[PDB]
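Participant: In PDB author numbering, the protein residues as written are 57 to 256.
Here it is, the structure, as structure tokens.
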């Protein structure tokens, strides 16, 4: 029952963000409860233990000066080390909103695979494949289930892109069918989704 010091901090921390973003952080970083220099700021700011989505978002998806460092710091806090490339490109652009559309995701992707490689390390050749491939899928899903991009690509086409972008990786065909399956079978993606608006 005796409320531990740490617990008391975690609570007050969430409150800050609720009133204003970057407040809960400065607290832990000011009280030594956290490690500044974009070290721990990643494991926390990136998500935290109940941080306001609107807050973390405003900090992730704009520009700033220090923020850019927080993102580059650690690129593996999207809970998908054992999930898969595609599956990651499905649900990983919410809780913040990416205003502008296809334009910033490019850079964010280069660094995405550049650090996320840890998830596999050797599976996607090195890193280039992980990046170039990632986008290939982001487009697939989009064109797949989109009103402004009514196309509905096929698994074959993907393989057509993989068999060349890999630069030698090749990647099992069966894997391409499963990785792409996560999409066709589990549509939806970047913000501004239908999310079943018909609900009257």
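Where a beta carbon is used, it is the ideal one built from N, C-alpha and C, also for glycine.
Starting from the C-beta of residue 246, find all residues in its chain whose C-beta is less than 6 Å away, skip the five residues before and the five after it, and write them out in chain order.
Facilitator: Within the same chain, residue 246 has close Cβ partners 149.
Participant: Where does residue 184 fall in DSSP's three states?
Facilitator: Residue 184: helix per DSSP, three-state reduction.
Participant: Hey, residue 103 and residue 133 are a contact pair by Cβ (cut 8 Å); roughly how many whole angstroms apart?
Facilitator: Residue 103 to residue 133, Cβ: 6 Å. Contact.
Participant: Taking C-alpha atoms, which residue in 232, 207, 205, 206 lies nearest to residue 218?
Facilitator: Checked all of 232, 207, 205, 206; the closest Cα to residue 218 is 232.
Participant: Helix or strand or just coil, what does DSSP make of residue 76?
Facilitator: Three-state result, residue 76: coil.
Participant: Nearest-angstrom Cα distance between residue 65 and residue 84?
Facilitator: So the two alpha carbons sit approximately 8 Å from each other.
Participant: State the start and end residues of the unbroken alpha helix (DSSP H) segment that holds residue 128.
Facilitator: Where residue 128 is concerned, the enclosing alpha helix (DSSP H) stretches over 123-129.
Participant: In three-state terms, what does DSSP make of residue 229?
Facilitator: Helix, per DSSP.
Participant: Taking a contact to mean a Cβ-Cβ separation below 9 Å, would you say residue 172 touches residue 131 in this structure?
Facilitator: Cβ distance < 9 Å, so residue 172 and residue 131 count as in contact.
Participant: Taking only the alpha-carbon atoms, compute the straight-line gap between residue 94 and residue 221 and give it to the nearest angstrom.
Facilitator: Approximately 33 Å between the Cα atoms of the pair.
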